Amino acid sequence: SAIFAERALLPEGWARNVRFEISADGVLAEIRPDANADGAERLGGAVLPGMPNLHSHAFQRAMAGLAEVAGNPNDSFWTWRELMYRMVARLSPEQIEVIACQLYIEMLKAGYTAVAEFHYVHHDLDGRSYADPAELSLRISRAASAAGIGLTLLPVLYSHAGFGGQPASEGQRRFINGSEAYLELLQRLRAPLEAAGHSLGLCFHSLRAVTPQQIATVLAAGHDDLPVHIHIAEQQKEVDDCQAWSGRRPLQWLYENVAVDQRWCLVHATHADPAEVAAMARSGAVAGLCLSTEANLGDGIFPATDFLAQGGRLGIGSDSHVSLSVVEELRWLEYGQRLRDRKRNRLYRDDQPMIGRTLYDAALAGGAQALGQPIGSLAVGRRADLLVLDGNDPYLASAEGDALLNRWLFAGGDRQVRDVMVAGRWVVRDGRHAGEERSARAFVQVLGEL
């Protein structure tokens, strides 16, 4: 089928009167600027590539905002995690699926067209495996199918409570697999994920949760085409503990011991010294920045200006899902750099002075790379994932090109996203998703159960 955009952000920049042909399998087949609409569906506003969400723990949306209660004069990431543990202890397979489906609907409405699910809840309530060990992974895939969002599933290897292979704690029992069970899970998942059109990646929870020898095992297992994700250097405590264990910082240790490259997504990477920042940018790995969660958890501020100046690659994730907003993540990525430096206009390129466009270009590319999917740009052969902004909005209607990105990302909000397409299929129209009522009804029931 064909769609027609008066304005669209193409790989070479903004274009006018672009007619897109989309094949039956949801792939961009033809892109012609300066064309006639000729029968094609005339879109209602400016068209951009959809934004990949490169980091998600779906079930956490259920408790989003609920952990904002002072129980200590020094509440932190670590007291929060205790609360997150107590909540994950109670989740049934059915509740996990309902929460995921609801979350993916909200993601779509925000302009996220594909998600990397960093999925570590594997087993039953007492830590025993389900009859089908892939139970919860399969439910995540079905939820994504139900919402219609792109999906890279990252089943997570989690084995230990801390550096040096500390025994897993009771709070972590639903997460735990040895390497053999983990590799078997990856194998079980190939057939169903392939049928769904969904993607797969390798994933270590963190250097706290797996041993160096386990990393070696998984990396030698022959899945050499898959993305590799890991939480790293999010909290100073992890840095300190790594130092006491190895005499190295986390990112420093990773680069000394593992052949980190473009396959890799380093989630957070918050506490990266100048040498670590340099190593990251050189490697072509993607920094997975989750700005709203990092602020919510008091993680700190990433050295994004230094990283970007050295050619670093990044993308955004909603992580704990306290925020589901492309606008908020990109805006406060920039604003955090401004608050630190006490200056404006921090994240731009030598060839691109526009801040919004710099942020959007970056997150699109990093996100696509991290998910391992053919997305993040409107070019022939890429998947037809896109969003349509509000053409009747006075700020956007009066703006042109990159000025329009600035109006949206810095002066506007989520409501300016009106229509959302994933793999050639309209999943949000005029702010509405066809599954929203049914999902909200099931979701509110689950919230009551929790």
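Only the largest set of C-alpha atoms that superpose within 1.5 Å between the two forms is called the rigid core. Don't overthink the numbering: it's just position in the shown sequence, from 1.
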item	value
More shifted region, core-based fit in 4 other deposited structures of this protein, 280-288 vs 186-194 by CA	186-194
Mean temperature factor over C-alpha atoms, higher-scoring stretch between 109-117 and 249-257	249-257
135-143 or 167-175, whichever carries the higher mean Cα B-factor	167-175
Selection from 160, 357, 237, 198 [criterion: highest C-alpha temperature factor in the record]	237
Residue, from 227, 73, 288, 150, that the PDB entry assigns the highest Cα B-factor	73
Ranked against its chain, the third holding the CA B-factor of residue 90	highest
CA B-factor ranking of residue 124, expressed as a third of its chain	middle
Third assignment of residue 318 from its chain's C-alpha B-factors	lowest
Entry-reported Cα temperature factor of residue 186, expressed as the chain third it lands in	highest
Residue 390 - Cα temperature factor, lowest/middle/highest third of chain	middle
